[PDB]
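*Asks:* Just the structure for this:
(2 chains, ligands or ions: 3)
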Amino acid sequence: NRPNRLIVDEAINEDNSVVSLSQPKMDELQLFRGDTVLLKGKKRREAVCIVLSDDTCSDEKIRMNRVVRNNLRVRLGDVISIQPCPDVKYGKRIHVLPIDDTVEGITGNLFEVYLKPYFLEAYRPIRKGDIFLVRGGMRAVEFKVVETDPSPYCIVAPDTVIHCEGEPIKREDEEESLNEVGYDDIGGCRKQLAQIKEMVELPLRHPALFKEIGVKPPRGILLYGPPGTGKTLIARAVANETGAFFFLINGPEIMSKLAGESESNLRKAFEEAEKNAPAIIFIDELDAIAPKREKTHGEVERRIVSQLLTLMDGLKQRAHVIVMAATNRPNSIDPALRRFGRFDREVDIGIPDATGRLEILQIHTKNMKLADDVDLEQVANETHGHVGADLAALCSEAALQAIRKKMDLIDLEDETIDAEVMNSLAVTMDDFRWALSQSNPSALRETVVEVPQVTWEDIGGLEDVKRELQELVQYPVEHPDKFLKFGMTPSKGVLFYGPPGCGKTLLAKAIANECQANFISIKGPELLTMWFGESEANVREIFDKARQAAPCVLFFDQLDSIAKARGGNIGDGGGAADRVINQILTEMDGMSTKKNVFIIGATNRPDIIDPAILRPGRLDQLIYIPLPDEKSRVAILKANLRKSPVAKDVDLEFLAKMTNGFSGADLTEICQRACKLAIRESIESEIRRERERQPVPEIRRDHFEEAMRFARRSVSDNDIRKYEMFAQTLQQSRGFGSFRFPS
Amino acid sequence: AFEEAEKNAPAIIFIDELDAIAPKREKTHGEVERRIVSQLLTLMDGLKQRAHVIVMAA
Ligand SMILES: Nc1ncnc2c1ncn2[C@@H]1O[C@H](COP(=O)(O)OP(=O)(O)OP(=O)(O)O)[C@@H](O)[C@H]1O
Ligand SMILES: Nc1ncnc2c1ncn2[C@@H]1O[C@H](COP(=O)(O)OP(=O)(O)O)[C@@H](O)[C@H]1O
Ligand SMILES: [Mg+2]
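*Replies:* Numbers count the residues shown, from 1 in each chain, chains lettered A, B, ... in the order given. Ligands and ions are numbered 1, 2, ... in the order given. Provided below are the atomic coordinates:
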């Protein structure tokens, strides 16, 4: 749309001094060949060059060297701008400093070998901070034009006095100037990034717009989210893009009990930041430093909140200073600090999803060498709840474990490690999976459990139940477009009920692995407390954790304990049980937007559960897990004995046929008993072999016969009759039968 | 100390009784201890992995 817009492209033969541009864009820009122009770059870096006409250069692209990419901090395909340099004059004196690593090892004078031929009749425009690489000698040498006169744009001419000697340059400073953090190093928060960009970059870029509309940019930025999510990273990145001085503030370090030290600390910090008027203040852990003045007993904290209020009131002063605060919990901050003019705008930064965490992995591993085998999509999929900081830790641990794997490859005896053997060591996908297993998501460290180690193949039978659970967890998250098209929200509730040992907990643990969604398991009575209002507090905090980790599967094993018919027990904590039930009712279906939180309940006694718990909208689908039938019993036996080495002569079909009333637990008991009999036989055989010195490949059929002689039915007939009665009550509640539409 | 370590190539620093001079800033008797902890954090972030100096603490 504009002639200035340009796409970065490589230069075949153009040096770092000049660039080649397409002739149609030359005429569109109304610029002559050899005109001194300026190119903009990221992090506010500019490169002055001589423009030229090239046929190979594309219309929408600018051909430019790699060192010019370093100078402008740009990469291939990026967007840059070109502007005519006005009132260009020849340089009278330029102070140019080679890098400190380049000077070492060069016997000859750097100016004569490199600077003099390059700058003899140069006519090459340069700007302060520009760096160019000169080929020649035993090693090519990099030169930085630190000073130019006239500043900041001048033309190099033979009359200009050029001397390499001077104050030594610093490699670390240039490396930092190259390795600064920008918006590109942030991923997965593009809507929050767009908000913050419109907040900060814009008023600096177009202040006349705000002046013409007569509004001032917001002087307060609050960032709230779980820790490690990048609240510090955005603040650090903004200062580089919009040239400023990042001034970090730690909440704990400012806080002091010296009776008035903390207020002086904040006031000094604000004064120091205002001194460097293009400044950004970052107040990390604002929640600790700023509680409610009335709520907190501590007078130091109420005074520090009041001082922060006073500083925020006078913060603007029509100055470039802006303040960004990070808090994990936003409600703990004093409501006065929530007002307009002080942190008036609050931005929520959430746990990254699959795409955002993939972007984080990409940007962290851009420097790391990546094999063709490794796919970071899979690494993002497996990290169901990892945070960006956790992702960075995972990336580092991966390479460290790769080094550990290649310890045996490196003999490390040589004084210098051989480069050819160096080449062999590289990262692998097994490395990523192992480091990922070792790495732990910090989002739900509180709810951490050992590996379920159960898959859908581990469960025999229940094919329809398996399909329904997979659809439940998968359709809303993988296909939200279809739910938007058909206009209705997904159902997010299932209650498993049935006799003990039939696979309800097994189904939940199978969900845990094969859903690619976070899983929180709540043992039934675990959430209750002896204190007056803390059981429902635990309920609402577990639901809050579920909402944060969406899509999450919230599983209540033995739900009949936490959920009862209200008023059933008068002495159950003086109505604390009923209050817990009411809290769960409000948390499942209340006046809050529904998240991707799927609540699964397992119970042996469904008739005692509160009817309000079981209505559609809370545990929508009531699924009965009955005693397996003969085919399902064959499936259970096959699932249990798939891992075991079992003889072919054994007939699992006959076992399933005879075990009429056996549950899955009973059949697993049969398999375990047969294996124990085999263990006894094999160990006794080994003892006999040892005795005769001084075997059994697969479990035989007679072992299973003895195990059956030790088999038993666990679930009584009265209990299963009760479960059938509950199911029949549901069916009678439906009414009628075989709903058929007329014509 | 850190300046001398980054000066020589390579270098190793050892810090015995790190907990003695680097306690929690949340629970600290003197503000000077908070200052030394913060300065230790700043100089810890000061190295850019290129000085190749490993700091050890007991
Ligand atoms: N259909 C099945 N397929 C495979 N194993 C099963 C099946 N049903 C039960 N089991 C076995 O039962 C054991 C545990 O059962 P599980 O925890 O799923 O029972 P449950 O139905 O939730 O009962 P409870 O009400 O007593 O908690 C495991 O060893 C599991 O392998
Ligand atoms: N969205 C993100 N993209 C890339 N890196 C991230 C992101 N979020 C966090 N990090 C990593 O976290 C580290 C900074 O911690 P940070 O997340 O800022 O903590 P806090 O959440 O307390 O501000 C950086 O090293 C950075 O690599
Ligand atoms: Mg169970």
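
*Asks:* And the residue of the stretch 551-700 of chain A closest to ligand 1?
*Replies:* Ranked by C-beta to the nearest ligand atom, the top residue of the stretch 551-700 of chain A for proximity to ligand 1 is residue A:664, at 2.1 Å. (Each C-beta comes from the backbone N, C-alpha and C, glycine too.)

*Asks:* count of residues packed around that residue?
*Replies:* Residues near residue A:664, counting by other C-beta atoms under 10 Å in any protein chain shown, number 26.

*Asks:* Can you give me every residue that contacts the nearest residue to it once chain neighbours are set aside?
*Replies:* Of all residues not flanking residue A:664 in the chain, residue A:636 sits nearest, at 5.0 Å (C-beta to C-beta, 6 or more residues apart in numbering or on different chains). Contact partners of residue A:636, counting by C-beta atoms under 8 Å, 6 or more residues apart in numbering or on different chains, are A:460-461, A:628, A:656, A:664, A:667-668.

*Asks:* Adding secondary structure, write these out as a markdown table.
*Replies:* A markdown table is the format used below for those (DSSP: H, G, I helix; E, B strand; the rest coil):
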| residue | secondary structure |
| --- | --- |
| A:460 | coil |
| A:461 | coil |
| A:628 | coil |
| A:656 | helix |
| A:664 | helix |
| A:667 | helix |
| A:668 | helix |
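
*Asks:* In which helix or strand does the residue nearest to residue A:664 reside?
*Replies:* Assigned by DSSP states H and E, residue A:636 belongs to helix A:630-641.

*Asks:* how far out from the middle of the chain is that helix?
*Replies:* Here the centre of helix A:630-641 is set off from its chain's centre by 40 Å, with C-alpha atoms, centre = their mean, to the nearest Å.

*Asks:* again, but for stretch A:611-622
*Replies:* Offset of stretch A:611-622 from its chain centre (C-alpha atoms, centre = their mean): 33 Å.

*Asks:* And it, what's buried?
*Replies:* A:612-614, A:618-620, A:622 (16 or more other C-beta atoms under 10 Å in any protein chain shown).

*Asks:* With stretch A:439-447 instead?
*Replies:* A:439, A:441-444, A:447.

*Asks:* Around chain B, which positions in chain A sit nearby?
*Replies:* Taking C-beta under 8 Å from any C-beta of the partner chain as the contact definition, chain A meets chain B at A:172, A:175-176, A:250, A:252-253, A:255-256, A:258, A:261, A:288.

*Asks:* which residue sits closest to the residue of chain A at minimum distance from chain B, ignoring its sequence neighbours?
*Replies:* Scanning chain A for the residue nearest chain B gives residue A:252, at 4.5 Å (criterion: C-beta to the nearest C-beta). Counting by C-beta to C-beta, 6+ apart, residue A:252 lies nearest to residue B:25, which is 4.5 Å off, once chain neighbours are set aside.

*Asks:* Give me the distance between the one you found and ligand 2.
*Replies:* For residue B:25, the distance to ligand 2 (C-beta to the nearest ligand atom, to the nearest Å) stands at 16 Å.

*Asks:* Where does the closest residue to ligand 1 within the stretch 351-500 of chain A fall, secondary structure wise?
*Replies:* Ligand 1 sits closest to residue A:500 of the stretch 351-500 of chain A, with a gap of 3.0 Å, by C-beta to the nearest ligand atom. Using DSSP H and E, residue A:500 sits in no helix or strand.

*Asks:* how far is stretch A:258-272 from where the chain is centred?
*Replies:* With C-alpha atoms, centre = their mean, you get 35 Å for stretch A:258-272.

*Asks:* What lies in contact with it?
*Replies:* A:247, A:249, A:253-256, A:281, A:289, A:300, A:303-304, A:307-308, A:311, A:315, B:31.

*Asks:* can you check stretch A:511-525 too?
*Replies:* With contact meaning C-beta under 8 Å, 6+ apart, stretch A:511-525 is reached by A:381, A:384-385, A:443-444, A:447, A:449, A:452-456, A:469-470, A:473-474, A:477, A:508, A:542, A:545-546, A:549-562, A:596, A:598, A:600.

*Asks:* Report the buried residues of stretch A:675-684.
*Replies:* A:675, A:677-678, A:681.

*Asks:* Same question for stretch A:134-151.
*Replies:* Quick answer for stretch A:134-151 (16+ other C-beta under 10 Å): A:134, A:141-146, A:148.

*Asks:* Take those and lay them out in JSON lines including secondary structure.
*Replies:* Converted to JSON lines, those look like this (three-state DSSP):
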{"residue": "A:134", "secondary structure": "strand"}
{"residue": "A:141", "secondary structure": "strand"}
{"residue": "A:142", "secondary structure": "strand"}
{"residue": "A:143", "secondary structure": "strand"}
{"residue": "A:144", "secondary structure": "strand"}
{"residue": "A:145", "secondary structure": "strand"}
{"residue": "A:146", "secondary structure": "strand"}
{"residue": "A:148", "secondary structure": "strand"}
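
*Asks:* Go through these and say which is closest to ligand 1.
*Replies:* Distances from ligand 1 to the buried residues of stretch A:134-151, taken by C-beta to the nearest ligand atom, are shortest for residue A:142, at 66.5 Å.

*Asks:* Residue A:247 - that's part of a strand, no?
*Replies:* Yes. Counting by three-state DSSP, residue A:247 falls inside a strand.

*Asks:* I figured it hits residue A:280, correct?
*Replies:* Yes. Under the criterion of C-beta atoms under 8 Å, residue A:247 makes contact with residue A:280 at 6.7 Å.

*Asks:* Could you tell me which residues touch both of those two?
*Replies:* Common neighbours of residue A:247 and residue A:280, using C-beta under 8 Å, 6+ apart, are residue A:273.

*Asks:* mind listing what the residue of the stretch 351-500 of chain A closest to ligand 1 touches?
*Replies:* Counting by C-beta under 8 Å, 6+ apart, residue A:500 touches A:604, A:663, A:665, A:714-715.

*Asks:* Of these, which belong to helices?
*Replies:* residue A:665 (DSSP state H).

*Asks:* Mind checking which of the contacts of residue A:500 are in strands?
*Replies:* Among the contacts of residue A:500, DSSP state E puts none in strands.

*Asks:* other SSEs contacting the helix or strand hosting residue A:396?
*Replies:* Residue A:396 belongs to helix A:388-405 when assigned by DSSP H and E. When contacts are defined as 3 or more C-beta pairs under 8 Å, 6 or more residues apart in numbering or on different chains; DSSP states H and E, helix A:388-405 packs onto helix A:354-365, helix A:429-438.

*Asks:* Single out the most deeply packed of these.
*Replies:* Comparing the helices and strands packed on helix A:388-405 by mean neighbour count (mean count of other C-beta atoms under 10 Å in any protein chain shown), helix A:354-365 ranks first with a mean of 20.

*Asks:* Contacts for that one next, please.
*Replies:* Against helix A:354-365 from outside (C-beta under 8 Å, 6+ apart): A:184-189, A:352, A:376-377, A:379-381, A:383, A:386, A:388, A:391-392, A:395.

*Asks:* Buried among those? Make that a PyMOL selection.
*Replies:* The PyMOL selection below is limited to those of these classed as buried (16+ other C-beta under 10 Å):
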select buried, chain A and resi 185+186+187+188+189+352+376+379+380+383+386+388+391+392+395
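
*Asks:* mind listing the helices for the stretch 51-200 of chain A?
*Replies:* A:66-72, A:100-103, A:110, A:116-119, A:171-178, A:190-205 (DSSP state H, counting those that start in this stretch).

*Asks:* could those go into a markdown table alongside mean neighbour count and distance to ligand 1?
*Replies:* Shown next, in a markdown table, are the helices of the stretch 51-200 of chain A (neighbours: other C-beta atoms under 10 Å in any protein chain shown; distance: least, C-beta to the nearest ligand atom, whole Å):
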| stretch | mean neighbour count | distance to ligand 1 |
| --- | --- | --- |
| helix A:66-72 | 20 | 59 |
| helix A:100-103 | 15 | 64 |
| helix A:110 | 20 | 76 |
| helix A:116-119 | 18 | 77 |
| helix A:171-178 | 13 | 57 |
| helix A:190-205 | 16 | 42 |
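
*Asks:* Isn't residue A:22 up against residue A:59?
*Replies:* Yes. In this structure residue A:22 lies within contact range of residue A:59 using C-beta under 8 Å: 5.1 Å.
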